[PDB]
2 protein chains.
Amino acid sequence: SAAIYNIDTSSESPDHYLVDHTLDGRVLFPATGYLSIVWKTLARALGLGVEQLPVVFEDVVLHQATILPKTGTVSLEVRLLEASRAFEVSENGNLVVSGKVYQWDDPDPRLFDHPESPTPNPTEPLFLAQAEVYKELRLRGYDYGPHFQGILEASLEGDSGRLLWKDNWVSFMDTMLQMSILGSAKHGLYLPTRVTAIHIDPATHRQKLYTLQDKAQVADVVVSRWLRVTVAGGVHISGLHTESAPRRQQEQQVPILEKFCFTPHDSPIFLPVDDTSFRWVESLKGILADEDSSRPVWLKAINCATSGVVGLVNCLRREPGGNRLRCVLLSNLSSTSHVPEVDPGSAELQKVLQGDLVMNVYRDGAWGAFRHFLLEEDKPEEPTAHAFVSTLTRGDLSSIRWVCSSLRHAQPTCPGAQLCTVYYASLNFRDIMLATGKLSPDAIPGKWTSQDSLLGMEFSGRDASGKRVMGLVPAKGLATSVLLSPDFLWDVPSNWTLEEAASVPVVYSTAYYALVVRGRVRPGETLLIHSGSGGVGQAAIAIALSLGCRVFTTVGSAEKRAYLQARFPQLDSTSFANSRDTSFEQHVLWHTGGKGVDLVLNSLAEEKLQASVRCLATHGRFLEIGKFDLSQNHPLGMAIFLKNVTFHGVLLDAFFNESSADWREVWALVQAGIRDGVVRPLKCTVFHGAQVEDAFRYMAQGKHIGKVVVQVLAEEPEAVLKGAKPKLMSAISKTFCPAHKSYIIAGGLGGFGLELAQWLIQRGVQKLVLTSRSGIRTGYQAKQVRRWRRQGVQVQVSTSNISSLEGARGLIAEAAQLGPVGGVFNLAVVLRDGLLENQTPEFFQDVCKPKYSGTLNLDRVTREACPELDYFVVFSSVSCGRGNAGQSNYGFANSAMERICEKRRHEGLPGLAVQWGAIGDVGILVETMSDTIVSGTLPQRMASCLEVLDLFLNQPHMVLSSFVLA
Amino acid sequence: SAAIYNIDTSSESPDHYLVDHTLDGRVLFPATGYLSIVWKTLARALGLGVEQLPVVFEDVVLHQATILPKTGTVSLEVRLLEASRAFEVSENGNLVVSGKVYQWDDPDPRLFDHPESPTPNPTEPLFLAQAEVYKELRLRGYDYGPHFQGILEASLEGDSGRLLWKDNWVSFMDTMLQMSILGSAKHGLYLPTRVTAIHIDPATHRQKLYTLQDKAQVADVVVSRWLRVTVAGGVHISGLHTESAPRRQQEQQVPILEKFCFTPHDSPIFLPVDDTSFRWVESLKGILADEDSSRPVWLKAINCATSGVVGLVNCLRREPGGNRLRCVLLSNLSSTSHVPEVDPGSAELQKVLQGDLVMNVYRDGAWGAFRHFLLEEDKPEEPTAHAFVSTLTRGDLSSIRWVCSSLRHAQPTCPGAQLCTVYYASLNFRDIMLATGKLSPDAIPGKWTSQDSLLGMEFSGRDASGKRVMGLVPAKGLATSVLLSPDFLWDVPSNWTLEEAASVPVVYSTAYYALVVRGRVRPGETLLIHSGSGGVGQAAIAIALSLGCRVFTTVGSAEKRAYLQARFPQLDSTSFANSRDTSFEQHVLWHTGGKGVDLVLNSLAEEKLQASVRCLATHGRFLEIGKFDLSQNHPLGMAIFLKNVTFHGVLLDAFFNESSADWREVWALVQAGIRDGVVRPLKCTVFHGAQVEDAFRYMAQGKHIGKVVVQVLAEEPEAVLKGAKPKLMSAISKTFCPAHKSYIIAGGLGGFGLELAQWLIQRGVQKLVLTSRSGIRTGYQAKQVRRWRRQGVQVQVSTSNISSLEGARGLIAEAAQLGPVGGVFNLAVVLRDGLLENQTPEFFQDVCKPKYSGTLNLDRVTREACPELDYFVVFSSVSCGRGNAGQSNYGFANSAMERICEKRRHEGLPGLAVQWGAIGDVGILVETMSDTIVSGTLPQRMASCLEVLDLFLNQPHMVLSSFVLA
Ligand SMILES: NC(=O)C1=CN([C@@H]2O[C@H](COP(=O)(O)OP(=O)(O)OC[C@H]3O[C@@H](n4cnc5c(N)ncnc54)[C@H](OP(=O)(O)O)[C@@H]3O)[C@@H](O)[C@H]2O)C=CC1
Ligand SMILES: NC(=O)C1=CN([C@@H]2O[C@H](COP(=O)(O)OP(=O)(O)OC[C@H]3O[C@@H](n4cnc5c(N)ncnc54)[C@H](OP(=O)(O)O)[C@@H]3O)[C@@H](O)[C@H]2O)C=CC1
């Protein structure tokens, strides 16, 4: 009865294509693989083939992921309950997939009709090609191989496209899921966990498939987020639910990060490489012709201080004969104008020749070279008044640090939002779940970036005017300051303390919303509060006892029983039950006469929830404030509703999305309970802001009673202190940008350009000027730019070529039109590869014009008319630091950029040259070349690249490098 | 994997004991049989025995009953999903049982600890013996055989007892269920359909079993209705849910009903049988000694007119020599005193001897006999102003008739209750479900007797003062008059009609409760009403459009669409969707922007409910007014509550149990909607009261739009008609009794006595006087009497022996102390069996004293001091009409009783002699003897006996008989 499927991903195995279903570097069994396997089991059970068996899956739950090992075989057992229409996929006795499967008796082709789009697509010519679709997906973390790369075309919105049919149901339905998650605003690796219904009718699937000019069978796919339905061919997927799988910390991208600083130490053929027309390149070719007399080739850069022949020599030494030519450079790169220029016709040149160093650089009287050093692993910390608590690595409370917040680098001022100095910030159970990784950051409603830390949901402190307030925030409450609407603030009473007030907002708002607004608790109603020792439980007890309600509370220990007895003397011995067992059901049903309770404020889970449901009386109100059974879609028997029972799903976090008068009702309830003495501060276990990690691991164990409070600022003795400024603490430096400043990315439409632009928007950039010679051509560029514009960012796609000084001047002009120029990023690149033999001075000019001349002009115009500039970053290559075969012009342009940035930083101006190794997921190496070893180094992924760039932007080093070794 | 169990109930089969699990004459597979079978499957799967496998069943659902045929074998397949802990019992591919089964890993003996009783048991000596327990159960319809008769002792409350252990888990757990349903107030056959949890730990089961003096292993069982838990031995059953299985109409008890009326036409040994000392019995023995001269044995009854030697001769003729003796009787039973007595010493005796008739009776100048005639099958109909609609046979709309109601024979008058003449009574979907049998009468909340008809939930008419009102009732609304609280009445406005007003109460109260009280609908909220063409749907549309709410309504036809468009012009084309498919989900999610609706008033079922749940918006309120998914305990995925969603189980029928201000809120809402014009009468399809069956079958098909209304009384033109009396219609006569009258059952503590007493309480008897020589001795008697007393009936257990005239006088005195004597029932009997040879005059005296002398004295004292007497019933035997071997004194006493009743009826006084055949389930034949053929006749069951008695009490025949032939 148990159909066995030995999934082998060996080369000769029929299931070898499954190696291409790689998700975060792990070969996982697709959910559609389970669908096909259960389909095959049902077809054998009915004595048919899958192609002759139209099938319906219902309530498919994916309980765990099956990892397909590189060597071995995974055995999946499918058992069918035909009478109950159920199936079960298990692996080694562990339930993998459950749900209902049955033959579609009357298959309706009209089901597989594409739903109309809510809005017509204006950019019909602009779509996502297959390479673009899977570049975006691999950016999200889906490393789909060729067998699972079945999306040829997709619209920019991600609601329509085409899927190639390789006579494979697993791949086709997986590409269905890929197209479903392609038009997703949420970022990260989202995996299917539930599907409400899947109808596969292979008969109409054969009809829906059509052949293109490529002779490849394809099918139109449509995703409707309004109807929650994906249709393609003869497959219909309704109610697909995906949860964000936390990306594994065992990432092989541990980049080598390095620093580039000037470090003091036959017949010679001298070549002046200082000419701006690159006419010497052909001359260098002549020097490469000879063998004996070409041993002392001395290329000297005397005139220009930012010539950058270092990368030239580094790249030419790798060419055949480069070492034999012994290319030795003399770079007179004087950082300051007061330093005397070394005469190359004097004894200094003879001394340099006697030294025979591969590279000689003169810097302010020092004759040295350019060497690579290891970058310090200590994270840059700065003294700021605006910081937040964040877990650097998810799931690890040890990696809990204060990081500079977006309020430090961008101070906002607008009505309807108030900046309050946080003196005390309360931990909540959701904060513990976030910091321990048990809860995904995306599960919290709101617009949160990937780098955003959502720790902290409630605080107390002082507003801008100095008034002593306490506030409730959706997130970012565990900070030195909070930007929140004044609608979520209460005045702290005179008798209260800020320490005390920090425990009221979340807990009492939740209790008031649940009991009064939702539960509509009336005086004298019997009521069961679960975990009455906790914050929300204690508040619910206070509210109920203010109304003279009989309270049955469940506590997990006798000490919590004693605390609740002392705190609420209205509770008697029969008020208390166990929360760690189901016996609270028996206690309640006995002490209530078998009737039940009028309300159940429930945070318990699984069977403990079901027992809580069995504690309900007639007309009982079950207020579910827990999330586990809700998030797991656990079944609730509906017979309880025969008791006139109301079931509330109570989520206070819904009040931060609309903030209408519905929240003001709960606010007024809390304020009234404050003035009536009903709302009373809970017990607060206080950890100082210097040790927030200990607060987290303390509250994680659960021995706490009441509220854990992190004191960010000690409450000074005063009612309304006019200052109200946060004290300066050392927090990890993080790159953030003012919303009033404009930021330019020259070459911002490229792979790294678009990724950097998105990263900058995530860092507060609101005015972007991306420059490209050709403008927006690809559908990926259009989708990214239109998404940023819809998000509210002024993204200008400029054509102003920075190669010309007039072009850079006009570019700075269009940037300043939006706002003062805060940053410029030189990512413009053109490539004219090839060895020195087949190299042209025109090729050198073409390659250096975006980099050499581009950075010349950017530096000049920023010096002239950019007083508020904070960032001057250029993207150089590792081919500059070490050298690449047949990339001499690339290295020369990159070294010129580095010299420019060093010269800028020497005068105190912002300057940064990032030597990037092989860049992954996007760029020129991804398009031209193919996780392939390039020059001994792996392509660094974007996530790692942006992390390293964030680190580099907070360093004092002119030039740093990042590359992942193989 | 599928363990096969071939259940064979043959004599040599190991599962032969299953023949003893008979429920309503059908051998059914016990639910505990499925438990044991799944247990065996799990033990084989784990390679263990059941006795070594502690097991846990969870969420056990019994989807269908398995009938075990007398000849054959039923194959039950058990499949296990060990990974998901599920099991499935199927029969021929049909799901029989589902649920979770798994090994109890850490078995807790403390679980099998008997919960304390809510109240101590005062009557410790008074318990239910095994015979009593199973007599009560077989009265409820559980014909358990000896193998499943494992309850030795049970307390009167039914919450404790002992269960015999026959090394059989099926039988033990079935007796657990029997004891669970023994203390049930609900009557009828209740079968398990769901069990929440079952823990079986055989290890502690062996310890809990103990041996009595009988050397039989037994275990204490405790049922806790407060905790919903039954514990016995090492078995724990929590959350057992039972539904009333409708008793099969294919009942073999089709009694022969008959009438007993006086029908005009060697050496003789004359025996005067008129002596009141029975001294002639021995003389008759002498007449039985001879053979030749004993041929003309002439036993003459001359003095007493109520001698009743007819039964004597009928019983003596069956004795050996009775026919040879040719027992010929001469009964001078003159009905009136003016009739001349026939002289037995004249030519009349010679003529009678020449006729040689077996029996000769002189009645007012007619020389005839007593012959049995067939009773007319036409039900007695009487003209009454108080009738109700009822289905005589459940599930059959053809058997829909008007029956006389309890308001005819008992007119109540008390504050807080009003008697309103019903002019129009509305049918509702629940009424159709009741009359078609799809809905059990017990599913309706309230105190409803077995014979109560619950048809009709709403009416309009006139109150006692004549005011034109409309009312909402829990049941009995389909009547000519309704007794209801004035709290459930509205005044009908002047512009309204009673016809119109009859459609408002149920429909608009439901809509107001759901939308306003429960859903808290706010103006402008999007809202999905299912079946908007129906009554409740139309009312919800009216309420929502009164608030300016956007309405999505689902209708099943285009004609219903057109009707709703014409009726509510605020609905546009996009307001309407299909209710017969799930596509309303797609329509709603499209036309709402994917957000959903704020409310869903749902009456749809199964997947159509789930789609309705998928139509909910954030903070959406799902008001479930349907019952199918609720009653079936269908699963509801809790992920919907992640959307801040509220789920209301809306049941308006809960307002008839408490009737607090919570109902007055809905009442005020309806009244306000009436004065504001929001509440508008629906379309009414009217069937006159003469044809109610056609209204039922019309509304059953579902082509109706609005409300089906039965016009009981045509609305006369007047505002407040002072008369307000219902018109007299012919309704089936039903026995009902005034609450102010006292009723005596002589011998009312016997089997038939207790059953008749319960039947009389169900017919309105509130003052009962049961007489017994020995008083209350058995626990069954105590339980019945205390249940009646707790129900509110004044039950007096008198010892006044009716054999003496003083005793009967005192009995009538204690009866009149409670209230005027409305009825007397002679069920007193003592038996002195044995043939005429071994018969004694003292035996005749003893047997006749409760019957002969008892009815003498009852008749005399009722003639003297019982002017308001309505019933004078005596229970005679079929042994009187035909004759039984060795029961001559019994037949003589029964015939004397019959003569007394005939004499009473001749003077116009109430009189009835019911010749009962073998009586089943209770009585002397059940105790002394054993579905066994007795004298060629089967024992008539109580249900049939009480039905036949109800029929007999409404007849004009002095003596009728009822017996079931074999
Ligand atoms: N890919 C890699 O492995 C490495 C990348 N880098 C750095 O990363 C940056 C981006 O490279 P990559 O990661 O490959 O992503 P891309 O190569 O896709 O982005 C390059 C951008 O440069 C633009 N550009 C080129 N010339 C000009 C010009 N004259 N004016 C305006 N824009 C111009 C291009 O637009 P258009 O041509 O239409 O004008 C393009 O948008 C480069 O600065 C590069 O040095 C460094 C080392 C390695
Ligand atoms: N069982 C059958 O098959 C048949 C029954 N019937 C009728 O059904 C009626 C009851 O018989 P049954 O069905 O067996 O149920 P029961 O025999 O159990 O009820 C008989 C009752 O008569 C009582 N009784 C007897 N003598 C007296 C007395 N002197 N004063 C007061 N009460 C007395 C008994 O109480 P106690 O002795 O303590 O006083 C007992 O409660 C009888 O009238 C009988 O004729 C008729 C035909 C067949």
Side-chain angles (χ1 to χ4, degrees), chain A residues 745-756 770-775 777 781 798-803 807 811 825-831 849-851 853-854 874-880 890 893-894 897 914-920 922-926 934 939-940 945 963, chain B residues 745-756 770-775 777 781 798-803 807 811 825-831 849-851 853-854 874-880 890 893-894 897 914-920 922-926 934 939-940 945 963:
Chain A
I745 313 190
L749 285 199
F752 217 156
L754 286 182
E755 293 323 294
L756 167 60
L770 315 169
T771 89
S772 174
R773 285 170 313 174
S774 314
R777 325 168 308 285
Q781 284 159 355
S798 178
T799 309
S800 299
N801 195 348
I802 65 183
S803 284
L811 171 59
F825 299 81
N826 192 101
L827 277 74
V829 61
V830 317
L831 275 163
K849 260 279 207 225
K851 299 205 160 193
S853 300
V874 305
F875 276 17
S876 165
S877 64
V878 163
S879 307
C880 206
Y890 199 42
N894 285 334
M897 278 203 315
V914 189
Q915 289 196 4
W916 283 118
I919 298 310
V922 286
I924 61 171
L925 287 188
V926 152
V934 176
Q940 191 176 355
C945 286
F963 63 102
Chain B
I745 313 190
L749 285 199
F752 217 156
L754 286 182
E755 293 323 294
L756 167 60
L770 315 169
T771 89
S772 174
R773 285 170 313 174
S774 314
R777 325 168 308 285
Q781 284 159 355
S798 178
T799 309
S800 299
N801 195 348
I802 65 183
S803 284
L811 171 59
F825 299 81
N826 192 101
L827 277 74
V829 61
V830 317
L831 275 163
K849 260 279 207 225
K851 299 205 160 193
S853 300
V874 305
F875 276 17
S876 165
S877 64
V878 163
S879 307
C880 206
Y890 199 42
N894 285 335
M897 278 203 315
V914 189
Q915 289 196 4
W916 283 118
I919 298 310
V922 286
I924 61 171
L925 287 188
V926 151
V934 176
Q940 191 176 355
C945 286
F963 63 102

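For the numbers below, each heavy atom of this structure counts, side chains included, while hydrogens, waters and symmetry mates do not. Note that ligands are numbered from 1 as they come in the structure, with each ligand's atoms numbered from 1 the same way. In what follows, every chain begins at residue 1, and chains take the letters A, B, ... in the order their sequences are listed.
Against a heavy-atom cut-off of under 4.0 Å, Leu925(A) is close to the following atoms of ligand 1: 3 (O). Near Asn801(A), meaning under 4.0 Å from any of its heavy atoms, are these atoms of ligand 1: 28 (C), 29 (N), 30 (N). Distances below 4.0 Å separate heavy atoms of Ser774(A) from the following atoms of ligand 1: 38 (O). Remark: ligand 2 atoms within the under-4.0 Å shell around heavy atoms of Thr771(B) are 31 (C), 32 (N). Set against the non-hydrogen atoms of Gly917(B), the atoms of ligand 2 under 4.0 Å away are 3 (O), 4 (C), 47 (C), 48 (C).
Residue nearest to atom 3 (O) of ligand 2, selected from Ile919(B), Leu770(B), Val926(B), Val934(B): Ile919(B) (by heavy-atom distance). For atom 37 (O) of ligand 1, the nearest non-hydrogen atom from the set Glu755(A), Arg773(A), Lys851(A) comes from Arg773(A).
At under 3.5 Å, a nitrogen or oxygen of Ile924(B), whether backbone or side chain, sits near a nitrogen or oxygen of ligand 2. At least one N or O atom of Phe875(A) sits closer than 3.5 Å to an N or O atom of ligand 1. For a threshold of 3.5 Å applied to N or O pairs, the pair formed by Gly750(B) and ligand 2 contains at least one separation below that value. Between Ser877(B) and ligand 2, no pair of N/O atoms sits closer than 3.5 Å. Polar contact with ligand 2: absent for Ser876(B) (N/O pair, distance under 3.5 Å). For a threshold of 3.5 Å applied to N or O pairs, the pair formed by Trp916(A) and ligand 1 contains no separation below that value. Checked against a 3.5 angstrom limit, the closest N/O atoms of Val830(B) and ligand 2 fall outside it. Considering both main-chain and side-chain atoms, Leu827(B) comes within under 3.5 Å of ligand 2 through a nitrogen or oxygen pair. The shortest N or O to N or O distance between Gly751(A) and ligand 1 is below 3.5 Å. Ligand 2 has an N or O atom lying under 3.5 Å from an N or O atom of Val829(B), backbone or side chain. The shortest N/O to N/O separation between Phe752(B) and ligand 2 falls below 3.5 Å.
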- Message: Walk me through whether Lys851(A) and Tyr890(A) qualify under side chain to side chain contact (heavy atoms under 4.5 Å, CB included).
- Response: CA-CA 9 Å; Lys851(A) 299 205 160 193; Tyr890(A) 199 42; 3.4 Å; yes
- Working for side chain to side chain contact (heavy atoms under 4.5 Å, CB included), residues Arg773(B) and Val830(B): CA-CA 11 Å; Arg773(B) 285 170 313 174; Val830(B) 317; 3.3 Å; yes
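Residues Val934(B) and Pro939(B) fail the side-chain proximity criterion, which asks for heavy atoms closer than 4.5 Å. Side-chain atoms of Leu754(B) and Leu749(B), non-hydrogen and from C-beta on, do get closer than 4.5 Å to each other. Looking at heavy atoms from C-beta onward, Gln781(B) lies out of side-chain contact with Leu770(B) at the 4.5 angstrom threshold.
Atom OG1 of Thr771(A) and atom CG of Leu811(A) lie 6.0 Å apart (nearest 0.5 Å). Expressed to the nearest 0.5 Å, how far OG of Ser876(B) lies from CG of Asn826(B) amounts to 10.5 Å.
Contacts between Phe825(A) and ligand 1 below 4.0 angstrom, taking non-hydrogen atoms only, are absent altogether. Only the backbone of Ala918(A) comes within contact range of ligand 1, with a heavy atom under 4.0 Å; no side-chain atom does.
Across every non-hydrogen atom of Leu827(A) and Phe875(A), the tightest pair is CG-CD2, 3.4 Å. Nearest heavy-atom pair across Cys945(B) and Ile919(B) is SG-CD1, 3.5 Å. Heavy-atom minimum distance, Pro850(A) versus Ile802(A): O-CD1, 3.6 Å.
Using a 4.0 Å heavy-atom cutoff, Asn826(A) is listed among the residues neighbouring ligand 1. Using a non-hydrogen distance threshold of 4.0 Å, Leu749(A) registers as a contact of ligand 1. Residue contacts with ligand 1 include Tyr890(A), since one or more of its heavy atoms lies under 4.0 Å from the ligand. The closest approach between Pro939(A) and ligand 1 stays at or above 4.0 Å for every heavy atom of the residue.
Not a single donor-acceptor pair under 3.5 Å links the side chain of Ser772(B) to the backbone N or O of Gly747(B). In this structure, the side chain of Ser803(B) engages the main chain of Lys849(B) through a donor-acceptor pair within 3.5 Å.
Taking the six-membered ring where the residue is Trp, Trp916(B) and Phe752(B) present tilted rings, their angle falling between 30° and 60°.
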